[PDB]
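Here's the structure, in structure tokens; my notes come after.
Note that each Cβ is placed from the backbone with ideal geometry, even for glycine, and that neighbours are counted across all protein chains shown. Please treat every number below as a calculation from the coordinates, not as lab data.
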């Protein structure tokens, strides 16, 4: 095809030197210094494929072992996101389902099974379990929760937030999931302390819980799944379930530069998923008559979370490659490392919105000193 087109793409893609070996065996270094990353095309990827979606084209190529990489995938991608003219950023380049369940997740997530951003306190550099617990406290503290008040957790996962609210904050708690597997940890309420007077979980769609209202709403990792079109509706639902002057903590991946779907992620990991823009989200929040009372960005915390997940993934890769293919493992590793890079480069953020149904911060302390542990 075109060595010219490949040189244009690769030589403008990275803020550091990189070595490229092509399908005809020829090599070049782009940049000054000695390359820390070496990219090999075992096969030519058609220009026109790269031109319409580089993520999809290069991403499947990499999965197919038609591109190989020596050196950090994360650093490679982080590099691309720092360059306006790169295959990840330039508009010149933006014109399968695998069977996985709990056995898989068990191996690389912490004992808690939290598939969500963690929170690293300055004293904790890589204790993932400790950080997923700290995240739950970080969220709940923001509520300044009052003993005996009620909390709705929208998408309650394996119940870590729910149960911590009930056991440690004395909150009457309602959790909601559409996952049977997750619901069946109602067994924790019965076995834990028939925590039944202080906690229920419900196997239903949060979109219609009827006329009930809670003092607090939490929702971690839900709005990314909702889509642009229904984001307005999502915030109206949060508002609807809040009591007047009630407090929500809404937590989710948000893109400072404007919302986007990535074609590769959409095909392989999160079909339908969409990361909204910061402006977009604030608009949706205001349109539901919630007022923003605090906004916290936790970008670097997701970066670390995804790095540890990838470290764990690789450490258990022999096991995973036995059940799932080599192709699956490449895809998953690419996923975890590219996402880590997406946060590292500030292409994607994670944001905790403290919202009130009424004037900002009305039922809350005047200063944020209460928030931190």
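Counting each DSSP H run of 4 or more residues in the chain as -39500 (n - 2.57), what helix-only mean residue ellipticity at 222 nm follows after dividing by all residues, to the nearest 500 deg cm²/dmol?
Details: 15 runs with 147 residues, N = 373.
The per-residue figure over the chain is -11500 deg cm²/dmol.
Can you classify region 170-326 as rounded, prolate or oblate using the Cα gyration tensor, where a ≥ b ≥ c are the square roots of its eigenvalues, rounded means a/c under 1.5, and otherwise it's prolate if a/b beats b/c and oblate if not?
Oblate is the answer for region 170-326, as a/c is 1.5 or above yet b/c matches or exceeds a/b.
With r defined as the distance between the Cβ atoms of residue 212 and residue 84 and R0 fixed at 51 Å, what FRET efficiency is calculated, to the nearest 0.05?
The computed FRET efficiency comes out at 0.55.
Report the relative contact order of region 1-83, percent, no decimals, based on alpha-carbon pairs under 8 angstrom and at least 6 residues apart.
31
Go ahead and collect, in residue order, the members of region 333-351 whose backbone nitrogen is under 18 Å from a label point 7 Å along the Cα-Cβ direction of residue 107.
Those under the cut-off are 333-337.
What shape does region 106-232 have by the C-alpha gyration tensor, where a ≥ b ≥ c are the square roots of the eigenvalues, rounded means a/c under 1.5, and otherwise prolate means a/b greater than b/c and oblate the rest?
Because its axes are fairly even, with a/c under 1.5, region 106-232 counts as rounded.
Name the shape class, rounded, prolate or oblate, that the alpha-carbon gyration tensor gives for region 1-83, where a ≥ b ≥ c are the square roots of its eigenvalues, rounded holds for a/c under 1.5, and otherwise prolate holds if a/b is larger than b/c and oblate otherwise.
Rounded is the answer for region 1-83, as its axis ratio a/c remains below 1.5.
Quick check: Cα centre of region 355-369 to Cα centre of region 186-237, how many Å?
Using only Cα atoms to place each centre, the spacing works out to 22 Å.
Can you figure out the FRET efficiency of residue 115 with residue 228, using R₀ = 30 Å and their beta-carbon distance, to the nearest 0.05?
Result of the calculation: an efficiency of 0.85.
Could you tell me the center-to-center distance, by alpha carbons, between region 282-304 and region 61-108 in angstrom?
Cα centres, region 282-304 to region 61-108: 27 Å.
Run the simple label-point estimate for residue 2 and residue 326 please: 7 Å along Cα→C-beta, distance reported in nm.
Placing both labels 7 Å along Cα→Cβ, they lie 3.3 nm apart.
Could you give the nm distance between label points at residue 137 and residue 24, where each point is 7 Å from its Cα heading toward the beta carbon?
The answer from the label model is 6.1 nm.
According to a simple spin-label model (label point 7 Å from Cα along Cα-to-Cβ), what is the distance in nm between residue 292 and residue 42?
With each label point 7 Å from Cα toward Cβ, the separation is 4.7 nm.
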